[PDB]
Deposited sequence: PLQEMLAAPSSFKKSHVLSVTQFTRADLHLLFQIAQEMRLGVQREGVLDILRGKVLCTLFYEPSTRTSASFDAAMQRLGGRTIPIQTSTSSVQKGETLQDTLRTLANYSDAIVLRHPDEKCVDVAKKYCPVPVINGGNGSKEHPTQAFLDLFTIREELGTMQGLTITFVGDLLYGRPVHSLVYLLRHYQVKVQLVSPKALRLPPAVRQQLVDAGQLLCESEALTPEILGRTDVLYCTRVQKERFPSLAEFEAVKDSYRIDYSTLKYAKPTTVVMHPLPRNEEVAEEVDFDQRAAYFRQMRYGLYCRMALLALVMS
């Protein structure tokens, strides 16, 4: 049933996983199927059998424990072997990739240079998974985000999604807008005017018939119609004047006074790490899904690794 679904055909098999723009609605539907199966297999036996004999190497030039350990644990729970590497940007990336390709069957790469995906494509002779390229894309983060929504709420039809915070530099938002192109959702965008979406991402939303509201304020009416409250970090450097920055924090902080205006079923998401824009007092609330996000990311990356490495 799982050996079945992994028998199926996919763009993932033997492929680099560098951008969400490589994958179709069907690609992701199959992936999410396999991720449900992965969750069942693990719930019963802990470490499965899919990838005995396969070696994954993780190559992180900047540390991101959530992502690197997620891939480590996914590979090992597939029954594969992992080689975790920590380094910093003097040997070039293309030399390191070609070095490590001789040891492993695939590499997860996170690197401060967004052109790293291009280097990986030109030089690396094994599949590379893009674990973050200068903060431009992080495709499995987009995957696990979409999956989180599906899993927590059921069908995508009818949903209203509210992105809050820094939507200019918040690329996980942009990647997720792309993945939502296939769905009859409405979207609200709460941000200062200085940090609205890039005009082309906004244009992606109006083109799909999805842009509902744009607002600088996180209001009880916006909150009352939110099925999904996807928050982003808002860093002080994005503002010239500190006063502005704190005004915007206090406005956007998800705490109990903010959740009271929400729905009983509102899913609160966050790619993490967070500063104070989601209060700790909310972590135990059923609607707080940002730790369940990471267990969903476990099952999605098991599926992705199974598909890429057969």
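Asker: Can you list the gaps, in order, where the deposited sequence has no modelled residues?
Answerer: Hole in the chain trace, numbered from 1: 90-94.
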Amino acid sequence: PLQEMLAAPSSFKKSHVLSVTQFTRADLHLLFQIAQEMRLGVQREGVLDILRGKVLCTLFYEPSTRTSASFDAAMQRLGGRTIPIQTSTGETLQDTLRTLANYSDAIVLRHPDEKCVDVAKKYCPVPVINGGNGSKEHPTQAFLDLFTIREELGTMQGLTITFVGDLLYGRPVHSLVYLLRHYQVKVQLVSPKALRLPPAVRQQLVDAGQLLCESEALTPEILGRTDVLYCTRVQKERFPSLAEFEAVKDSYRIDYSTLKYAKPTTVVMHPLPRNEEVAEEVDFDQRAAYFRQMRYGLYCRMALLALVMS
From here on, numbers count along this sequence of modelled residues.
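Asker: Highest mean C-alpha temperature factor of the two stretches 137-145 and 213-221, which is it?
Answerer: Averaged over C-alpha atoms, the B-factors run higher in 213-221.
Asker: Read off the CA B-factors in the entry, average them over 49-57 and over 245-253, and name the higher stretch.
Answerer: On average, C-alpha B-factors are higher across 245-253.
Asker: Between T96, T155, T82, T160, which one tops the list for C-alpha B-factor in the PDB entry?
Answerer: Answer, based on the entry's C-alpha B-factors: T155.
Asker: Taking the Cα B-factors listed in the entry, which of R77, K193, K122, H111 comes out highest?
Answerer: Going by the entry's C-alpha B-factors, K193 comes out highest.
Asker: Looking at the C-alpha B-factor of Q293, is it in the lowest, middle or highest third of its chain?
Answerer: It falls in the bottom third of the chain.
Asker: Please rank the C-alpha B-factors of the chain's modelled residues and tell me whether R25 sits in the lowest, middle or highest third.
Answerer: Highest third, going by the recorded CA B-factors of the chain.
Asker: Could you say whether, by C-alpha temperature factor, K13 belongs to the lowest, middle or highest third of its chain?
Answerer: Highest third.
Asker: Relative to the other modelled residues in the chain, which third contains the C-alpha temperature factor of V228: lowest, middle or highest?
Answerer: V228: CA B-factor falls in the middle third of its chain.
Asker: Using only modelled residues of the chain, where does the Cα B factor of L167 rank: lowest third, middle third or highest third?
Answerer: Its C-alpha B-factor belongs to the middle third of this chain's values.
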